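Asker: sequence and experimental coordinates follow.
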Amino acid sequence: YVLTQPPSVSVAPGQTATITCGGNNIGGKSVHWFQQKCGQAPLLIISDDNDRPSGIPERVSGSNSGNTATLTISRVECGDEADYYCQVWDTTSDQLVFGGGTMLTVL
Amino acid sequence: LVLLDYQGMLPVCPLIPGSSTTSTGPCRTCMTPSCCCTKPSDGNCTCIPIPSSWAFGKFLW
Amino acid sequence: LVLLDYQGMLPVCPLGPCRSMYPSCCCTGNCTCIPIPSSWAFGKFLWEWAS
Amino acid sequence: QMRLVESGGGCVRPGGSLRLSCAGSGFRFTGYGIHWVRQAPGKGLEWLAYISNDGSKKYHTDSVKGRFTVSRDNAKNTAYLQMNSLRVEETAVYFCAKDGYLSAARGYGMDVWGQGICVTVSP
C-alpha cells in the first residue's frame, strides 16, 4: 500500500501550505499527520483525518476524501519547518504505512 | 425487548475493556448510533461499534 | 434492570467533543457525537423510539 | 505528562541482536498498544512493528518479519522489540510510540512518541 506524498513544499511566512498524501482508497482510512522537526521526535498534529490534538495550533487542519488526504497549515510561521508524515493502518494487509514525508520550507 | 435486540434495534454500547484487546478504533473506522466513543484522559477518541445483533444481551455479559 | 437503569449503568445510544469503561457518546465531516444521558438512558431511548 | 523512553540502542556487529526497552509513564500503559518505528539517518519514517494493549495481536513489517519480535510487560510499564539478525542497512533511530486508542487490535495511529534511540550497526 504505497502512500504517495510530495517530496517537498515551499511557502512564505504568512501564506498557507497544503501537504497532500494520496493512496488508492485513502478516503476509507484514518489518516494521521505527524510533524517532525530536525533532530526531534515526530509530533502528532492531526488524527482521524481532522481531529487536532491539544496544544497544536488551530491553523492546522487535516482533510480526507477520495484518493487524497491533505494537511493545510494556514499562516505558516518560520517555526513550521519540519517533515510532515501521513500514516494509515492498511487493514487489507494489517500494516501501518507512512508517507514519504514533505519537507516544509517557510523561507 | 428480547425480539428487538435480536434485530439489533437496541443500540446498547459495548463496554471498552481498557485492559484487554478489542475492536476499538477512531471515528472514521466505525463505518468500515453507529458506534460508541470515549475520550480517555490519555488518548484519542476511542470508538467501538455497537453489535449488529444481541447488543443488549452482549452488553449484559 | 431498572435500578441498573436509573443509575445509568447501561449505555443506550439515543435514536462533537468525545466524552471496562462505559462509552460516554454515540457518533454517526467531523465526528459529531450525541452524549448518552446520565440516568435512565434505556428509558429515554424507548420513550423516543415510540415517539 | 505522557512520556516514553527508549533504551537498549547502540553499536552492534552486523548480525547482532538488540532488545529496545520502552518505559512509558504518565499514561495507563496497560490500555494502549505500543508501536515501533524507525527512521533511517536522513530518510523518512518506517513502521517496524506494533503490539496491542495486552499483547494478543502483534504485527510486523515484511522486511522485519521473522527477525524482529515485539513484546511488552504492562506490570513494569515497558515494551520491548527483540531485533535479531541485524543487517548493515538497519542502522536508524528507533522510536516507540503509544497508540492513541484504548484496547485497539490495530494501531490506527500513534499519540505520544518516544525520544528515539539511535541504533548503529557496523564492524
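Answerer: In hand now; what should we look at? Numbers count the residues shown, from 1 in each chain, chains lettered A, B, ... in the order given.
Asker: which helix or which strand is home to the residue nearest to the spatial centre of chain A?
Answerer: Of all residues in chain A, the one closest to the mean position by CA atoms, centre = their mean is residue A:33, 3.9 Å from it. In this structure, residue A:33 is located in strand A:32-36 according to DSSP states H and E.
Asker: ok, how many other residues are close to the nearest residue to residue A:59 once chain neighbours are set aside?
Answerer: Distance criterion CB to CB, 6 or more residues apart in numbering or on different chains; nearest residue to residue A:59, sequence neighbours excluded, is residue A:74 at 4.5 Å. In short, each C-beta sits where N, CA and C put it, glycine included. In terms of burial, residue A:74 registers 14 neighbours under the definition other CB atoms under 10 Å in any protein chain shown.
Asker: show me the contacts for residue A:74.
Answerer: By CB atoms under 8 Å, 6 or more residues apart in numbering or on different chains, the contact set of residue A:74 is A:16, A:59, A:61.
Asker: the residues you listed in helices, which ones?
Answerer: Filtering those for membership in helices, criterion DSSP state H, returns an empty set.
Asker: between the residues you listed, which is closest to chain D?
Answerer: When the contacts of residue A:74 are compared for distance to chain D, the smallest value, 16.8 Å, is given by residue A:61; criterion: CB to the nearest CB.
Asker: which non-adjacent residue is nearest that closest one?
Answerer: The shortest distance from residue A:61 to any residue other than its chain neighbours is 5.1 Å, reached at residue A:72 (CB to CB, 6+ apart).
Asker: let me see the contact set for the residue nearest to residue A:5 when sequence neighbours are not counted.
Answerer: Counting by CB to CB, 6+ apart, residue A:5 lies nearest to residue A:99, which is 3.5 Å off, once chain neighbours are set aside. Going by CB under 8 Å, 6+ apart, residue A:99 touches A:3-5, A:21, A:85-87, D:44.
Asker: so of the residues you listed, which two are at opposite extremes in space?
Answerer: When the contacts of residue A:99 are compared pair by pair using CB to CB, the farthest-apart members prove to be A:4 and A:87, with a separation of 13.8 Å.
Asker: what about these two, which has more around it?
Answerer: For the pair residue A:4 and residue A:87, the greater number of neighbours falls to residue A:87 (29 against 15), based on other CB under 10 Å.
Asker: mind checking which helix or strand that one is in?
Answerer: Element membership for residue A:87 (DSSP H and E) is strand A:83-90.
Asker: how far does that strand sit from its chain's centre?
Answerer: Counting by CA atoms, centre = their mean, to the nearest Å, strand A:83-90 is centred 7 Å from the centre of its parent chain.
Asker: by contact count, what packs against that strand?
Answerer: Using 3 or more CB pairs under 8 Å, 6 or more residues apart in numbering or on different chains; DSSP states H and E as the contact definition, the elements that strand A:83-90 packs against are strand A:32-36, strand A:95-98, strand A:102-105.
Asker: tell me which of those is the most buried.
Answerer: Of those, the one with the most neighbours on average (mean count of other CB atoms under 10 Å in any protein chain shown) is strand A:32-36, at a mean of 25.
Asker: got the contact list for the next helix or strand after it?
Answerer: Secondary structure here is assigned by DSSP H and E; on that basis, the next helix or strand after strand A:32-36 toward the C-terminus is strand A:43-46. Around strand A:43-46, the neighbours that count as contacts under CB under 8 Å, 6+ apart are A:31-36, A:52-53, A:56, A:60-62, A:71, A:84, D:100, D:109-113.
Asker: phi and psi next, for residue A:26.
Answerer: When quoted as degrees, to the nearest 10, the phi and psi of residue A:26 stand at phi -70, psi -20.
Asker: residue contacts, it?
Answerer: Residues in contact with residue A:26, defined by CB under 8 Å, 6+ apart, are A:3, A:64, A:66-69, A:88.
Asker: go with 7 Å
Answerer: Contact analysis of residue A:26 by CB atoms under 7 Å, 6 or more residues apart in numbering or on different chains lists A:64, A:67-69, A:88.
Asker: among the residues you listed, name the buried ones.
Answerer: Among the contacts of residue A:26, those that count as buried by neighbour count (16 or more other CB atoms under 10 Å in any protein chain shown) are A:64, A:68-69, A:88.
Asker: which one of those residues is nearest residue D:14?
Answerer: When these are ranked by distance to residue D:14 (CB to CB), residue A:88 comes first, at 32.6 Å.
Asker: leaving out chain neighbours, which residue sits closest to that closest one?
Answerer: Ranked by CB to CB, 6+ apart and with sequence neighbours excluded, the top spatial neighbour of residue A:88 is residue A:29, at 4.2 Å.
Asker: nearest to chain A: which residue in chain D?
Answerer: Counting by CB to the nearest CB, chain D gets nearest chain A through residue D:109, at 3.6 Å.
Asker: how about the nearest residue to that residue, chain neighbours excluded?
Answerer: residue A:32 (3.6 Å).
Asker: contact partners for the nearest residue to residue D:29 once chain neighbours are set aside?
Answerer: Computed as CB to CB, 6+ apart, the closest residue to residue D:29 that is not its neighbour in sequence is residue D:77, at 4.2 Å. Remark: with contacts taken as CB under 7 Å, 6+ apart, residue D:77 is in contact with D:23-25, D:29.
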